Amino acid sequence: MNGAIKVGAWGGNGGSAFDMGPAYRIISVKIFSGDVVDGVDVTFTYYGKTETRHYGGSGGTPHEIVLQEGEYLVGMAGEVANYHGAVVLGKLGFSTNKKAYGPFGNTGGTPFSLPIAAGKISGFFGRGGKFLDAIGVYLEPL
């Protein structure tokens, strides 16, 4: 709606769908992983208030990406894996205009990659259960 562009999601059809939308300013992403991607915390600001939304389960070790001023997310990549009979994100990583992060997780499968030649990630959607079943992104220019 309102001219949104959404790409993905990559992963399985399990869990419950989530959709953050594109209205917020992402300040940090915390990927929780072990054998696979367990979940993600997305911290954002909106009208001067900071909020964190958690998607996926409670397992894994955290791996944070904190966006500096003038830093934005410009790439996402990972692996869609079969794990415990579920189709989930086995690995997940991101790139900013400053650095590459991860990928986090240890289970390979079907790779996906989102290099963004022009534009940036402005929000998330996907599916979460015990693990992070799937992830997709909203895009906007610059």
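For the two forms, the rigid core is made up of the largest set of C-alpha atoms that agree within 1.5 Å on superposition. Residue numbers run from 1 along the displayed sequence.
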**OP:** Output the stretch, either 45 to 53 or 82 to 90, that has more C-alpha displacement from this form in 6 other deposited structures of this protein following superposition by the rigid core.
**Re:** 45 to 53
**OP:** Figure out for me whether 99 to 107 or 24 to 32 is the more displaced stretch in 6 other deposited structures of this protein, taking RMS C-alpha distance from the shown form once the rigid core is superposed.
**Re:** 24 to 32
**OP:** Would you determine, from the values in the PDB entry, which of 106 to 114 and 88 to 96 has the greater average C-alpha temperature factor?
**Re:** 106 to 114
**OP:** Please work out which residue in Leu142, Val7, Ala4, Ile135 has the highest C-alpha B-factor recorded for this crystal structure.
**Re:** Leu142
**OP:** State the tercile, meaning the lowest, middle or highest third, of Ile121 with respect to the CA B-factors recorded for its chain.
**Re:** lowest
Original post:
Taking the C-alpha B-factors as the PDB entry records them, is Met76 in the lowest, middle or highest third of its chain?
Top reply: lowest
Original post:
Among the modelled residues of its chain, does the C-alpha B-factor of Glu64 lie in the lowest, middle or highest third?
Top reply: middle
Original post:
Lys30: which third of its chain by C-alpha temperature factor?
Top reply: middle
Subject >> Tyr55, C-alpha B-factor rank within chain (lowest, middle or highest third) >> reply: lowest
